[PDB]
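Visitor: Okay, handing you the structure first.
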Amino acid sequence: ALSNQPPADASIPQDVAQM
Amino acid sequence: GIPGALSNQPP
Amino acid sequence: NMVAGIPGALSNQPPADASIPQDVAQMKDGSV
Amino acid sequence: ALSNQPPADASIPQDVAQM
Amino acid sequence: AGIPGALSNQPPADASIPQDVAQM
Amino acid sequence: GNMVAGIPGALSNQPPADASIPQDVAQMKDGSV
Amino acid sequence: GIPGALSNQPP
Amino acid sequence: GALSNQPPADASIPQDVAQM
Amino acid sequence: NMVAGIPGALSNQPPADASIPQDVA
Amino acid sequence: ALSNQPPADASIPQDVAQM
Amino acid sequence: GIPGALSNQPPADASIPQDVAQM
Amino acid sequence: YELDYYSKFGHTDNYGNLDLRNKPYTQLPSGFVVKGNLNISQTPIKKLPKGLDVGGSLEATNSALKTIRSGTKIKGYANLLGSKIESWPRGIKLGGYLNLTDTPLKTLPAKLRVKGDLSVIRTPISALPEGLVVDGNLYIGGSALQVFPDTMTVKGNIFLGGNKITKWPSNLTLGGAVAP
Amino acid sequence: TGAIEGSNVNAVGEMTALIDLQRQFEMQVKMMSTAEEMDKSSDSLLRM
Amino acid sequence: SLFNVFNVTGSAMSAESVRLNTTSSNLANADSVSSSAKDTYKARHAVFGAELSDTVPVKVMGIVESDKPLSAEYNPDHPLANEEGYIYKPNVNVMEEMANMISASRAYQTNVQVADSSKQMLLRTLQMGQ
Amino acid sequence: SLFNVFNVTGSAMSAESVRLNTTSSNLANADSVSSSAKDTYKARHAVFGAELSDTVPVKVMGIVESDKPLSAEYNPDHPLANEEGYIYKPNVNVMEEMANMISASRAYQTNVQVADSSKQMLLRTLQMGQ
Amino acid sequence: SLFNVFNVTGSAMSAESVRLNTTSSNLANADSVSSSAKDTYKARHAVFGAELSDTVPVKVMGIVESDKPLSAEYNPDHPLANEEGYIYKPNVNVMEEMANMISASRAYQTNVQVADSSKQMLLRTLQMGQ
Amino acid sequence: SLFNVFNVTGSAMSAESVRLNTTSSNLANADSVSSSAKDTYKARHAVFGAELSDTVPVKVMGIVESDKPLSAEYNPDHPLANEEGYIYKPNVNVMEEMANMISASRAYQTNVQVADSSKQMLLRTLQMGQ
Amino acid sequence: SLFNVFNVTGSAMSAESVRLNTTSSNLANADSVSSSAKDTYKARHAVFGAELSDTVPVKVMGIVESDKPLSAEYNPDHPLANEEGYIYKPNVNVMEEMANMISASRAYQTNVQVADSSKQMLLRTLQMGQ
Amino acid sequence: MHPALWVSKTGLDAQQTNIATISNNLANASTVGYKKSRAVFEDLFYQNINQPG
Amino acid sequence: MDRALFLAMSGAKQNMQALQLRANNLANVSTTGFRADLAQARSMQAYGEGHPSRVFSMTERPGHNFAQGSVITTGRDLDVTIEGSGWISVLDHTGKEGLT
Amino acid sequence: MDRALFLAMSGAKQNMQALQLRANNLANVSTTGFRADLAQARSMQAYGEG
Amino acid sequence: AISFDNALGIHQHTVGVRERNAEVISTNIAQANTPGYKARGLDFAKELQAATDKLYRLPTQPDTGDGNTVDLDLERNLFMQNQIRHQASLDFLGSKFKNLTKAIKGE
């Protein structure tokens, strides 16, 4: 699946609220 | 569409 | 039609062991 | 051998009387 | 034929002779 | 000079709460510097 | 260079 | 690589860097 | 006149093993 | 080395005295 | 020839005068 | 010798099925009751006791069974494959199929009812009894049968298996098909 | 009288025989492997 | 078309690698009571799929959690304990995860053999005639 | 031909797989007093047979149950206890299953060597003519 | 006449092929107890022959069963046992089957080289005077 | 330009070698409390870069020490102890060093295959047209 | 004349084959207290020779047993025990026989390389001038 | 199966029955009028291998 | 191909036979009045033309361990053990006298 | 691969569950008016072709 | 006569069938873990008739709740046999043109 916009970085937070 | 699949985006 | 399900340990079980979700077990027959 | 129709699945009942 | 006491994989029905095994 | 940088391997692939990578190095992952 | 880079020469 | 016109020096492994 | 026998391991061992049939040997 | 007599067959006796 | 070399023939022995006598 | 009460206990499973495979028993006590299935395969038993009751199915494959006496109650099926039975008694209450393949069976009871399938494959039987009713599949392949009675009833398929039938029943209603 | 004679099997004697039979068995297996390895190599002679 | 084979084997290896990472996250969270999202971790299982209707690639159509109940532990003094003192833990089963680890690795390696063997067939076809 | 070896060796690969699965069901049912089908499980054995029909493939002709009597144990208070109070357990012998497990694995792997050996002979037979 | 070497090398290829098929059947039926004690499988072996009445072809003169006594095993549990609880097994020796596998494969491929090199000599003969 | 691949894979060979030698210095100095430069050893790590803007070489831009605090140990009678009785040791973690050793070695070898495969594509390019 | 090389390498290969068979017998008879006629086996060794006075072929000139004493073992209950209860066993040493297995095989294969290389040189001489 | 595997298995099966026989004797150590049972071992058939008959 | 494959195969096959012979002794540790079987190897040279380099090894049963077994005291009148060396004459099912 | 891997896994998994039932019995030895729980295994065959 | 259909024989079609057979075996191995998938077999004689189909394989052992009828032992052997026979078909069909070109050019 070749897109034109670089994929965003994954996020692994301690709380999803402070994300 | 698998009924009730987990998602990959912050709830 | 499309056939699918969870592979591996969970499916290779007798149906009494309700590890597989009910709707996923339905997919193991046929779908469209 | 081969056949023209799919083979049936396997039955693993906890009570053969109810199949 | 061969072995005399082979099993049958079909579920018990008590009405149909199992043809899975070599019933001869 | 629009590069991406960081410590390869085990240090980076821990979740950010570990705080093993220096903050200066960790911020060169978005294309800065 | 890297702000926290280490030198290869004696301190 | 980065070819230079003077031979590189040998690395020094001192037990104490003051005595170098 | 023929020269026949079992080839392989069954003939390349001492005859005291007695694996080859007598008629064949 | 070539000869006119076919080479003799080996013996490998179980006991040499028996021969 | 080499001294002490083994021979490829049964080893003439004792019992059965046949070997003890015939050279 | 003969099976005793204590010897009976050592050949019974949790749900009450008697297993006598290869066991050297010659005769069973009269009025015998089995909680579940009965297996007398490969046994030197030549006769079944009068008043025999089986709570399950009778298994006598490749056995020496020859005589079954009337009044026997069998809840499940009867499997007498490869045995030495020559005739089937009248009045057997059979709750299942009757498999008589490769037996010296010669005679069958008149108006016999089989609640399951029936097998006479490779049997020296010469003719089927009048008024035969079969609720399952009938296999006569390799047997000596060549003439059917005037009236018979088969609710499943009829398999000739190779034997040639010349005289078909006058009154016959078939729920399935006929195969050679 | 009043006693039964058992077997005279020396358990240690059998065990030490076993370990020697294993090693001698394995060494000859290596001889079989190196015999076919030499045979495979000496096949490029006819490989013009 | 042996290039279609590479798609099937390539899709298979992707599917088996997804299952391995799912197994890795199950082993790492077999004793985790808390979570970022305020819901107890449930054992995850990627769902394979086949669009049978020649070459049928295997596709992962999503991760589906096991429906087995969370294993409750009597820990009355734990801060997260309920009114009756029970804390709930993931329903990960150790034995079934080890089988998935063994199965995912073996299924991954056998698809490499098919891809390598299919690669030789295509190269041999290039030599046809020439 | 050398391709017949693949059919013969391949049949043994399936044959030893049947005996392995039978042994697995024996080990898993060595302590099962109850059973669906109203039958106290008895030890099952896969009886191999040469189907002569040069090349002699091996076929499984059917699974046969053990002739040993069931192990009776006095458990009077069990719901499955008879009038005398004995419950019956399968006649699975652990030692023979472990021996069968070893033999089935050893025989399975030596059939792989024969298939591999025949594969090389066919490849060299193809290099002739090139 | 013009291809005498091919008829001899080719005969060896057919001869050594039969010996591999026989080896495969012996290993695949090493644990086939079958029934009775005289219908039990026995290790089979091809017999090579050379009629020296130029070139001497190798002809297989039929498959011959081994004369080794059957391997007896005490097992009064198998339903196909006998009065003394013995099941007789095929007289197949794994070590001699492995050696035959090595000998057959190498000898088969050796004749490939001779047959392949024989064609080269024929091709060079056509270039005489050119 | 497949020669550019040799500049990319070859750069990774050096880059993965630096990370391996970095790992060795961390493994050997995980218990070293003293130093020749009067500063306690800290787990060093390489920094990879990609000047993305066709072929993007990977270059090490410098070695950087870990941000983890030094591991303190209560050794009140050691010559190097402080007033509170603690000595400080390098913050080297065994588990991450093993992962670096596994990752760097596998990354080093997977670039050999690309450099070896790219070599073959160039040789066939020279053979084009003839 | 490179055909002489064929004689020398062929004689060397024959000598190595004799040494390998001697090693094979020593390994098989390293545990034999008995013998065919009447004399305990002693470790055999082929004798190579060079008849130097071009090429010097290597010829085997006979088999000579090792002069090491037979290893006496205390087996007093053995039927073949002497007056002191000692039985004698062959003086085969495992370590030196394994070295012979390695040395003979590697020496055998390098002589094939020389003959194959020498075979090419003769062919290029035939093509000289045309 | 290699014959050595089954020969050893017979010894394991034989000793298994011996343990079961011993276990019953110790179970009935207080049973009034009980007689102890002992297991008797004997060697099995001896077969000529290097002879056709 | 080299005849050393079969020379080593014939030794490996015999080592298995000696292993089985020792296995029967261990399977018969508790057997009553059981004499352990002795196992050894014999070297038989392949006499013929050529250099004497090929010698086969085959296992044999030279004898048995006739030592006194371990005596078990049972306190039973119908149990007897032979003191020192001796035998008891018995006839098997074939009516053939044999020592036990 | 072979299905005997999951056939044995489905057996080892149940042994742990049986072990849990026995663990609850021994934890409740001092409990008042506690009725012991019995554990048994049921043999269920996969009926079908083959 | 003298046409490509007769010059090439049936070797022009066998190469295609061995490719289709290899694709199906690759599908079976990949779909071995997906439950509900039924192993597909290809009938060689059917594509022979199509030259001058896609059946189901009946299992030798029961399923384990998946319903998947793929035996990985069988698939590997059938993939090995097909690959060996595929190379032979290329050798047969390849030499058809090599002989054909030598007849035309005479050299």
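Letters A, B, ... mark the chains of the structure tokens in the order given; residue numbers begin at 1 per chain; ligand numbers begin at 1, in order shown.
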When all Cα positions are paired in order and chain R is fitted onto chain P, what RMSD is left, to one decimal?

Guide: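 C-alpha RMSD, chain R fitted to chain P: 1.8 Å.
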
Visitor: Write out as JSON lines the residues of region 8-52 of chain S that have any atom within 8 Å of an atom of region 27-33 of chain T, one row each with the nearest atom pair and its distance in Å to one decimal, counting only C-alpha atoms, sorted by chain and then rising number.

Guide:
{"residue": "S:8", "atom": "CA", "partner": "T:27", "partner_atom": "CA", "distance": 5.7}
{"residue": "S:10", "atom": "CA", "partner": "T:27", "partner_atom": "CA", "distance": 6.9}
{"residue": "S:11", "atom": "CA", "partner": "T:27", "partner_atom": "CA", "distance": 4.3}
{"residue": "S:12", "atom": "CA", "partner": "T:27", "partner_atom": "CA", "distance": 7.6}
{"residue": "S:40", "atom": "CA", "partner": "T:31", "partner_atom": "CA", "distance": 7.3}
{"residue": "S:41", "atom": "CA", "partner": "T:31", "partner_atom": "CA", "distance": 4.6}
{"residue": "S:42", "atom": "CA", "partner": "T:31", "partner_atom": "CA", "distance": 5.1}
{"residue": "S:43", "atom": "CA", "partner": "T:28", "partner_atom": "CA", "distance": 6.4}

Visitor: Go ahead and save the picked residues with N, CA and C atoms, as an mmCIF file, in the first residue's frame.

Guide:
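So the final result, stored in result_34.cif, reads:
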data_model
loop_
_atom_site.group_PDB
_atom_site.id
_atom_site.type_symbol
_atom_site.label_atom_id
_atom_site.label_comp_id
_atom_site.auth_asym_id
_atom_site.auth_seq_id
_atom_site.Cartn_x
_atom_site.Cartn_y
_atom_site.Cartn_z
ATOM 1 N N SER S 8 13.948 -53.962 26.267
ATOM 2 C CA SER S 8 13.977 -53.149 27.477
ATOM 3 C C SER S 8 12.573 -52.808 27.961
ATOM 4 N N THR S 10 9.954 -54.689 27.829
ATOM 5 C CA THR S 10 9.433 -55.839 28.559
ATOM 6 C C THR S 10 9.879 -55.811 30.015
ATOM 7 N N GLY S 11 11.131 -55.422 30.261
ATOM 8 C CA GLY S 11 11.591 -55.275 31.632
ATOM 9 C C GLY S 11 10.851 -54.183 32.381
ATOM 10 N N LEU S 12 10.565 -53.070 31.702
ATOM 11 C CA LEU S 12 9.786 -52.003 32.325
ATOM 12 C C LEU S 12 8.364 -52.460 32.627
ATOM 13 N N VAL S 40 6.749 -63.541 40.003
ATOM 14 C CA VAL S 40 7.791 -64.448 39.540
ATOM 15 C C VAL S 40 8.203 -64.030 38.136
ATOM 16 N N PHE S 41 9.500 -63.818 37.943
ATOM 17 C CA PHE S 41 10.051 -63.399 36.663
ATOM 18 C C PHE S 41 10.691 -64.585 35.953
ATOM 19 N N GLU S 42 10.544 -64.625 34.631
ATOM 20 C CA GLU S 42 11.227 -65.622 33.821
ATOM 21 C C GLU S 42 11.625 -64.989 32.497
ATOM 22 N N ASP S 43 12.691 -65.520 31.904
ATOM 23 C CA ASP S 43 13.159 -65.026 30.622
ATOM 24 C C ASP S 43 12.241 -65.494 29.496
#

Visitor: Tell me, which residues of chain V carry DSSP strand (DSSP E or B), written as a ChimeraX atom specification?

Guide: /V:40-41,55-57

Visitor: Could you write out the selected residues, including N, CA, C and O atoms, as a PDB file, in the first residue's frame?

Guide:
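Output saved as again-v3.pdb:
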ATOM      1  N   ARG V  40      -7.601 -27.756  -1.564  1.00  0.00           N
ATOM      2  CA  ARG V  40      -7.981 -27.857  -2.965  1.00  0.00           C
ATOM      3  C   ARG V  40      -6.955 -28.705  -3.700  1.00  0.00           C
ATOM      4  O   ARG V  40      -5.747 -28.510  -3.530  1.00  0.00           O
ATOM      5  N   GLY V  41      -7.435 -29.652  -4.497  1.00  0.00           N
ATOM      6  CA  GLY V  41      -6.577 -30.461  -5.337  1.00  0.00           C
ATOM      7  C   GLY V  41      -6.920 -30.246  -6.798  1.00  0.00           C
ATOM      8  O   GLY V  41      -8.071 -29.981  -7.147  1.00  0.00           O
ATOM      9  N   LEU V  55     -10.573 -29.528  -7.505  1.00  0.00           N
ATOM     10  CA  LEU V  55     -11.395 -30.367  -6.650  1.00  0.00           C
ATOM     11  C   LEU V  55     -11.027 -30.163  -5.182  1.00  0.00           C
ATOM     12  O   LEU V  55     -10.214 -29.307  -4.827  1.00  0.00           O
ATOM     13  N   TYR V  56     -11.639 -30.965  -4.316  1.00  0.00           N
ATOM     14  CA  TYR V  56     -11.377 -30.935  -2.885  1.00  0.00           C
ATOM     15  C   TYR V  56     -10.698 -32.228  -2.456  1.00  0.00           C
ATOM     16  O   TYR V  56     -10.972 -33.297  -3.007  1.00  0.00           O
ATOM     17  N   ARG V  57      -9.809 -32.124  -1.473  1.00  0.00           N
ATOM     18  CA  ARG V  57      -9.078 -33.277  -0.966  1.00  0.00           C
ATOM     19  C   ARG V  57      -9.756 -33.796   0.296  1.00  0.00           C
ATOM     20  O   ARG V  57      -9.931 -33.050   1.265  1.00  0.00           O
TER      21      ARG V  57
END

Visitor: Identify all chain T residues at most 12 Å from chain S by counting only C-alpha atoms; ligands do not count. Present them as a count of residues only.

Guide: 31

Visitor: Report as a list in words all protein, DNA and RNA residues lying within 7 Å of region 92-95 of chain N, evaluated on only C-alpha atoms, omitting residues in the same chain fewer than 4 positions from it.

Guide: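 These residues fall inside the cut-off: residues 26, 30, 43 and 99 of chain N; 9 and 13 of chain U.
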
Visitor: Can I get the selected residues back with N, CA and C atoms, as an mmCIF file, in the first residue's frame?

Guide:
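The resulting file, selection.cif, is reproduced below:
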data_model
loop_
_atom_site.group_PDB
_atom_site.id
_atom_site.type_symbol
_atom_site.label_atom_id
_atom_site.label_comp_id
_atom_site.auth_asym_id
_atom_site.auth_seq_id
_atom_site.Cartn_x
_atom_site.Cartn_y
_atom_site.Cartn_z
ATOM 1 N N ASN N 26 0.990 -11.242 24.378
ATOM 2 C CA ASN N 26 0.262 -12.031 25.365
ATOM 3 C C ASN N 26 1.173 -12.501 26.491
ATOM 4 N N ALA N 30 0.714 -11.356 30.568
ATOM 5 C CA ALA N 30 0.005 -12.407 31.286
ATOM 6 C C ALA N 30 -0.190 -12.083 32.761
ATOM 7 N N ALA N 43 -6.560 -11.526 26.171
ATOM 8 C CA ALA N 43 -5.701 -12.231 25.230
ATOM 9 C C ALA N 43 -6.141 -11.953 23.800
ATOM 10 N N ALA N 99 2.236 -23.141 22.185
ATOM 11 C CA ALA N 99 1.884 -23.822 20.944
ATOM 12 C C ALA N 99 1.781 -22.837 19.788
ATOM 13 N N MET U 9 -1.670 -30.277 23.496
ATOM 14 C CA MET U 9 -1.878 -29.012 24.193
ATOM 15 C C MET U 9 -3.266 -28.947 24.813
ATOM 16 N N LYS U 13 -3.593 -28.428 28.811
ATOM 17 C CA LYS U 13 -4.381 -27.306 29.314
ATOM 18 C C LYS U 13 -5.416 -27.769 30.331
#

Visitor: Can you give chain B as a compact mmCIF listing (two decimals) with C-alpha atoms, in the first residue's frame after you superpose it on chain G, pairing all C-alpha atoms in order for the least-squares fit?

Guide:
# COMPACT_ATOMS: atom_id res chain seq x y z
CA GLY B 1 27.58 17.25 16.22
CA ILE B 2 25.13 14.67 17.54
CA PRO B 3 24.57 16.68 20.72
CA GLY B 4 26.75 15.25 23.52
CA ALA B 5 28.80 12.73 21.56
CA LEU B 6 31.72 10.95 23.18
CA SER B 7 35.14 12.01 21.86
CA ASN B 8 38.11 9.82 20.86
CA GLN B 9 40.87 11.83 22.55
CA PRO B 10 42.23 11.47 26.13
CA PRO B 11 39.91 13.65 28.29

Visitor: Near residue 2 (chain I), within 12 Å and counting only C-alpha atoms, which residues show up once chain neighbours fewer than 2 positions away are dropped, as a list in words?

Guide: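 Counting only C-alpha atoms, the residues come to residues 4 and 5 of chain I; 47, 48, 49, 50, 51, 52, 53, 56, 57, 58, 59, 60 and 61 of chain P.
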
Visitor: Filtering to N, CA and C atoms, could you give me those residues as a compact mmCIF listing (two decimals), in the first residue's frame?

Guide:
# COMPACT_ATOMS: atom_id res chain seq x y z
N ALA I 4 24.77 -64.03 -10.52
CA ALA I 4 23.67 -63.29 -9.93
C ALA I 4 23.78 -63.32 -8.41
N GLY I 5 23.26 -62.29 -7.77
CA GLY I 5 23.21 -62.24 -6.33
C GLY I 5 22.61 -60.93 -5.86
N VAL P 47 17.79 -58.79 -7.14
CA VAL P 47 18.95 -59.59 -7.52
C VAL P 47 19.45 -59.10 -8.87
N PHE P 48 20.70 -58.64 -8.91
CA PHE P 48 21.33 -58.22 -10.15
C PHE P 48 21.96 -59.42 -10.85
N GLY P 49 22.02 -59.34 -12.17
CA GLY P 49 22.57 -60.43 -12.95
C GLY P 49 23.31 -59.91 -14.16
N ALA P 50 24.32 -60.67 -14.59
CA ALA P 50 25.13 -60.32 -15.75
C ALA P 50 25.38 -61.58 -16.57
N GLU P 51 24.86 -61.60 -17.79
CA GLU P 51 25.02 -62.75 -18.69
C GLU P 51 26.23 -62.50 -19.58
N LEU P 52 27.33 -63.19 -19.29
CA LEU P 52 28.56 -63.07 -20.06
C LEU P 52 28.68 -64.29 -20.97
N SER P 53 28.03 -64.22 -22.13
CA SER P 53 28.05 -65.31 -23.09
C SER P 53 29.31 -65.28 -23.93
N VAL P 56 28.33 -56.09 -21.19
CA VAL P 56 27.49 -57.02 -20.45
C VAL P 56 26.46 -56.22 -19.67
N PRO P 57 25.21 -56.20 -20.13
CA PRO P 57 24.17 -55.45 -19.42
C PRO P 57 23.85 -56.08 -18.06
N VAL P 58 23.30 -55.25 -17.18
CA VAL P 58 22.88 -55.68 -15.85
C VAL P 58 21.37 -55.81 -15.85
N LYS P 59 20.88 -56.99 -15.51
CA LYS P 59 19.45 -57.30 -15.56
C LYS P 59 18.98 -57.74 -14.18
N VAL P 60 17.89 -57.13 -13.71
CA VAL P 60 17.30 -57.55 -12.45
C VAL P 60 16.51 -58.83 -12.66
N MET P 61 16.80 -59.85 -11.85
CA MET P 61 16.21 -61.17 -12.00
C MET P 61 15.11 -61.44 -10.98

Visitor: Can you tell me how far CA of residue 63 (chain N) sits from CA of residue 46 (chain N), in Å to one decimal?

Guide: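 A separation of 4.1 Å between them.
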
Visitor: For residue 65 (chain Q), list every protein, DNA or RNA residue within 6 Å, evaluated using only C-alpha atoms, and leave out those in the same chain fewer than 2 positions away; present the list as a ChimeraX atom specification.

Guide: /Q:42-45

Visitor: Run DSSP on the backbone and tell me which residues of chain K come out as alpha helix (DSSP H); list them as an NGL selection string.

Guide: :K and (17-21)

Visitor: For residue 72 (chain T), find every residue with an atom within 7 Å (counting only C-alpha atoms), except residues of its own chain fewer than 4 positions away, and show them as a PyMOL selection string.

Guide: chain M and resi 3-6

Visitor: Give me, as a PyMOL selection string, the residues of chain D touching chain E, with the criterion being at most 9 Å (counting only C-alpha atoms).

Guide: chain D and resi 11+16-17

Visitor: I'd like the interatomic distance between CA of residue 26 (chain L) and CA of residue 77 (chain L), to a tenth of an Å.

Guide: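 Here the two named atoms are 22.5 Å from each other.
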
Visitor: In Å, rounded to a single decimal, give me how far CA of residue 9 (chain Q) is from CA of residue 117 (chain Q).

Guide: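 We find that CA of residue 117 (chain Q) and CA of residue 9 (chain Q) lie 11.0 Å from each other.
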
Visitor: Using only C-alpha atoms, tabulate the residues of chain O lying at most 9 Å from any atom of chain L, each with its closest atom pair and that distance in Å to one decimal, by chain and increasing residue number, as CSV.

Guide:
residue,atom,partner,partner_atom,distance
O:33,CA,L:14,CA,7.1
O:34,CA,L:14,CA,7.2
O:38,CA,L:15,CA,6.0
O:39,CA,L:15,CA,6.6
O:40,CA,L:13,CA,5.5
O:41,CA,L:13,CA,8.7
O:67,CA,L:21,CA,6.7
O:69,CA,L:11,CA,6.2
O:70,CA,L:11,CA,7.1
O:71,CA,L:10,CA,8.4
O:72,CA,L:10,CA,7.3
O:80,CA,L:14,CA,6.3
O:81,CA,L:14,CA,7.3
O:82,CA,L:14,CA,7.7
O:86,CA,L:14,CA,8.5
O:87,CA,L:14,CA,5.8
O:88,CA,L:14,CA,5.3
O:89,CA,L:14,CA,7.7
O:90,CA,L:13,CA,8.7

Visitor: What are the closest atom pairs, with distances in Å to one decimal, for all residues of chain U lying within 12 Å of chain C? Consider only C-alpha atoms, order rows by chain and residue number, and present the result as CSV.

Guide:
residue,atom,partner,partner_atom,distance
U:1,CA,C:8,CA,10.3
U:2,CA,C:12,CA,11.4
U:3,CA,C:12,CA,8.1
U:4,CA,C:12,CA,10.1
U:5,CA,C:9,CA,9.3
U:6,CA,C:12,CA,6.1
U:7,CA,C:12,CA,7.7
U:8,CA,C:12,CA,10.6
U:9,CA,C:9,CA,8.0
U:10,CA,C:13,CA,6.5
U:11,CA,C:13,CA,9.9
U:13,CA,C:13,CA,10.4
U:14,CA,C:17,CA,10.1
U:17,CA,C:17,CA,11.8
U:42,CA,C:16,CA,11.5
U:43,CA,C:14,CA,10.9
U:44,CA,C:14,CA,8.3
U:45,CA,C:14,CA,9.2
U:46,CA,C:14,CA,8.3
U:47,CA,C:14,CA,11.4

Visitor: Generate the output file for the selected residues, N, CA, C and O atoms, as a compact mmCIF listing (two decimals), in the first residue's frame.

Guide:
# COMPACT_ATOMS: atom_id res chain seq x y z
N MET U 1 1.51 -27.42 10.95
CA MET U 1 2.20 -28.68 11.17
C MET U 1 1.23 -29.78 11.56
O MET U 1 0.04 -29.72 11.23
N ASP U 2 1.73 -30.79 12.27
CA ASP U 2 0.88 -31.88 12.73
C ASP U 2 -0.09 -31.39 13.79
O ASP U 2 0.22 -30.51 14.60
N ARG U 3 -1.29 -31.97 13.78
CA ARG U 3 -2.33 -31.60 14.73
C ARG U 3 -2.15 -32.26 16.09
O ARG U 3 -2.89 -31.93 17.03
N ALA U 4 -1.19 -33.18 16.23
CA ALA U 4 -0.91 -33.76 17.54
C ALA U 4 -0.33 -32.74 18.50
O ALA U 4 -0.38 -32.93 19.72
N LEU U 5 0.23 -31.65 17.97
CA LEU U 5 0.72 -30.57 18.84
C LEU U 5 -0.43 -29.94 19.62
O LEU U 5 -0.32 -29.71 20.83
N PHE U 6 -1.54 -29.67 18.94
CA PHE U 6 -2.70 -29.09 19.62
C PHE U 6 -3.51 -30.15 20.34
O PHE U 6 -4.20 -29.84 21.32
N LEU U 7 -3.45 -31.40 19.88
CA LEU U 7 -4.14 -32.48 20.57
C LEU U 7 -3.54 -32.72 21.95
O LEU U 7 -4.27 -32.99 22.91
N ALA U 8 -2.22 -32.64 22.07
CA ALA U 8 -1.55 -32.72 23.37
C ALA U 8 -1.68 -31.43 24.17
O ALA U 8 -1.77 -31.49 25.40
N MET U 9 -1.67 -30.28 23.50
CA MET U 9 -1.88 -29.01 24.19
C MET U 9 -3.27 -28.95 24.81
O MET U 9 -3.43 -28.46 25.94
N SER U 10 -4.28 -29.43 24.09
CA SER U 10 -5.63 -29.47 24.64
C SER U 10 -5.74 -30.43 25.81
O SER U 10 -6.73 -30.36 26.56
N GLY U 11 -4.77 -31.32 25.99
CA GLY U 11 -4.75 -32.20 27.14
C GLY U 11 -3.97 -31.61 28.30
O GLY U 11 -4.38 -31.74 29.45
N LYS U 13 -3.59 -28.43 28.81
CA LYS U 13 -4.38 -27.31 29.31
C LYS U 13 -5.42 -27.77 30.33
O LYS U 13 -5.64 -27.10 31.35
N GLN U 14 -6.05 -28.91 30.08
CA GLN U 14 -7.06 -29.42 31.00
C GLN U 14 -6.44 -29.93 32.29
O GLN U 14 -7.07 -29.83 33.36
N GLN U 17 -6.21 -27.11 34.58
CA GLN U 17 -7.52 -26.79 35.12
C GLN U 17 -7.93 -27.79 36.20
O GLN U 17 -8.52 -27.41 37.21
N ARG U 42 -13.38 -36.02 30.57
CA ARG U 42 -14.29 -36.64 29.61
C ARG U 42 -13.57 -36.79 28.28
O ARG U 42 -12.96 -35.84 27.78
N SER U 43 -13.66 -37.99 27.70
CA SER U 43 -13.04 -38.27 26.41
C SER U 43 -14.05 -37.96 25.31
O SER U 43 -15.11 -38.58 25.24
N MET U 44 -13.72 -36.99 24.46
CA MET U 44 -14.57 -36.59 23.35
C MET U 44 -13.79 -36.76 22.05
O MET U 44 -12.69 -36.22 21.90
N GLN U 45 -14.37 -37.51 21.12
CA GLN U 45 -13.72 -37.81 19.85
C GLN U 45 -14.20 -36.86 18.76
O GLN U 45 -15.37 -36.47 18.72
N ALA U 46 -13.29 -36.50 17.86
CA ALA U 46 -13.61 -35.64 16.72
C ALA U 46 -14.16 -36.53 15.61
O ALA U 46 -13.41 -37.13 14.84
N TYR U 47 -15.48 -36.61 15.53
CA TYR U 47 -16.13 -37.46 14.54
C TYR U 47 -16.16 -36.78 13.18
O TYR U 47 -16.42 -35.57 13.08

Visitor: Given only C-alpha atoms as the basis, pick out the residue of O:25, O:35, O:101, O:13 nearest to residue 12 (chain U).

Guide: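 Closest to residue 12 (chain U), using only C-alpha atoms: O:25.
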